[PDB]
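Student: Once you've seen the sequence and the experimental structure below, I've got questions.
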Amino acid sequence: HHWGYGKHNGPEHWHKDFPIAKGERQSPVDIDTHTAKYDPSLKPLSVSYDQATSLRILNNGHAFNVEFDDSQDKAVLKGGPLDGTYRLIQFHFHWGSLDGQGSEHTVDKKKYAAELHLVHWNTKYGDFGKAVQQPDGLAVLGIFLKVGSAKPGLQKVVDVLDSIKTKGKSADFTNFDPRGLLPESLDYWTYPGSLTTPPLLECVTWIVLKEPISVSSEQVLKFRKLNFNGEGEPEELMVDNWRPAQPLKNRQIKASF
Ligand SMILES: NS(=O)(=O)c1ccc2ccccc2c1
Ligand code: NA
Ligand SMILES: [Zn+2]
């Protein structure tokens, strides 16, 4: 009886195994655009993904992760609200059963169709597993997806999904360039929060871009054909793999713009 996204194991149950689920800095949150504070001290986000080395894509049973080589300073995030340098380890998405839901963060209660999380760890902690034990260990860049025009830079990911349909499947995924997933603007909101799946650790500086990317209906429909089950088990479509907004608990969300 492990956690996942249902009536009996979904987000409202997670606190029994991970009591930090009711903590002081949980994610996601609703971003109240009118109450977010413009902070002139915030710097442009520096996203330096030229040398990224995509290795593999994995169906982990909750989402799919596109993995990177994080054994050298290659793809790194810095600037923004960050001190120091954060290495890209993986990205994944959360999405809905319907276009009207799927994002984790919300904007004035608006839910997007999906949300991309580019996960980075602070190089001062030496690797990811140590970083998650620190309050400034991770920086997750969140990007909303809306359904409209296709995102051409997403298609390589969509087309490999049939090869990783079920939990535990992986496939080689080299030369994937995550720059093709970024909107034009890097304007952002930021706040201190947590992992949005167990273990829900309170180790994340969230950086949520204001500008969404457009993906096609056909692209998100392919997300929705993935499976949360493993091969040889009854089919459970991988949909609605998002945690609802959690209490802000008087954290301030700061705007770069
Ligand atoms: N969804 S999220 O907050 O970006 C996220 C990112 C990295 C994770 C690594 C392990 C467990 C949970 C994780 C959650
Ligand atoms: Na369409
Ligand atoms: Zn995530």
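Tutor: Thanks, I have the structure now. Numbering: from 1, shown residues only. Ligands and ions are numbered 1, 2, ... in the order given.

Student: Could you list everything the nearest residue to residue 43 once chain neighbours are set aside pairs with in the sheet?
Tutor: Of all residues not flanking residue 43 in the chain, residue 79 sits nearest, at 4.6 Å (Cβ to Cβ, 6 or more residues apart in numbering). Where you see a C-beta, it was placed from the backbone N, CA and C, and this is true even at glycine. Counting by DSSP bridges, residue 79 forms beta bridges with residue 45.

Student: So that it lines up with my notes, have the first residue be 813 from now on.
Tutor: Yes, from this point I'll number from 813; that puts the last item at residue 891.

Student: check contacts around residue 891.
Tutor: 855, 856, 857, 858 (Cβ atoms under 8 Å, 6 or more residues apart in numbering).

Student: so who does the third one touch?
Tutor: By Cβ under 8 Å, 6+ apart, the contact list for residue 857 reads 889, 891, 892, 953, 998, 1000, 1019, 1068.

Student: quick one: the helices in the stretch 913-1062 of the chain?
Tutor: For the stretch 913-1062 of the chain, the helices defined by DSSP state H, counting those that start in this stretch occupy 940-943, 967-972, 1029-1035.

Student: Compare those and give me the one nearest ligand 1.
Tutor: helix 940-943 (7.4 Å; Cβ to the nearest ligand atom).

Student: what residues does the stretch 863-1012 of the chain put near ligand 1?
Tutor: 929, 931, 952, 1007, 1008, 1009 (Cβ under 6 Å from any ligand atom).

Student: please redo it, this time with the cut-off set to 8 Å
Tutor: 875, 901-902, 904, 906, 916, 929, 931, 940, 944, 950, 952, 954, 1006-1012 (Cβ under 8 Å from any ligand atom).

Student: Most proximal residue of the stretch 813-962 of the chain with respect to ligand 1?
Tutor: For the stretch 813-962 of the chain and ligand 1, the shortest gap (Cβ to the nearest ligand atom) falls at residue 929, measuring 3.7 Å.

Student: so that residue touches residue 957, yeah?
Tutor: No: judged on Cβ atoms under 8 Å, residue 929 makes no contact with residue 957 at a distance of 11.3 Å.

Student: Between those two, which contacts overlap?
Tutor: residue 905.

Student: what's across from the residue positioned nearest the centre of the chain in the sheet?
Tutor: In the chain, the centroid-proximal residue (Cα atoms, centre = their mean) is residue 929; its distance is 2.0 Å. Under DSSP bridges, the beta-bridge partners of residue 929 are residue 904, residue 954.

Student: ok, now how distant is it from residue 1047?
Tutor: From residue 929 across to residue 1047, the span is 25 Å (Cβ to Cβ, to the nearest Å).

Student: same question, residue 982
Tutor: In terms of Cβ to Cβ, residue 982 sits 19 Å off from residue 1047.

Student: Which member of the contacts of residue 891 exhibits the greatest number of neighbouring residues?
Tutor: residue 857 (20 neighbours; other Cβ atoms under 10 Å).

Student: Now do residue 1011 against residue 936, distance only.
Tutor: Residue 1011 is 21 Å from residue 936, by Cβ to Cβ.

Student: ah, wrong one, I meant residue 1006
Tutor: Counting by Cβ to Cβ, the gap from residue 1006 to residue 936 is 20 Å.

Student: The two - which one has more neighbours?
Tutor: Higher neighbour count among residue 1006 and residue 936: residue 1006, with 25 against 14, using other Cβ under 10 Å.

Student: Is the more buried one in contact with residue 837, as I believe?
Tutor: Yes: if you go by Cβ under 8 Å, residue 1006 and residue 837 touch, sitting 5.8 Å apart.

Student: Touching both of these two, which residues are there?
Tutor: residue 1014.

Student: separation between the residue of the chain most remote from its centre and ligand 1?
Tutor: Computed with Cα atoms, centre = their mean, the residue of the chain farthest from its C-alpha average is residue 1044, at 28.4 Å. Counting by Cβ to the nearest ligand atom, to the nearest Å, the gap from residue 1044 to ligand 1 is 26 Å.

Student: Many thanks, we can stop here.
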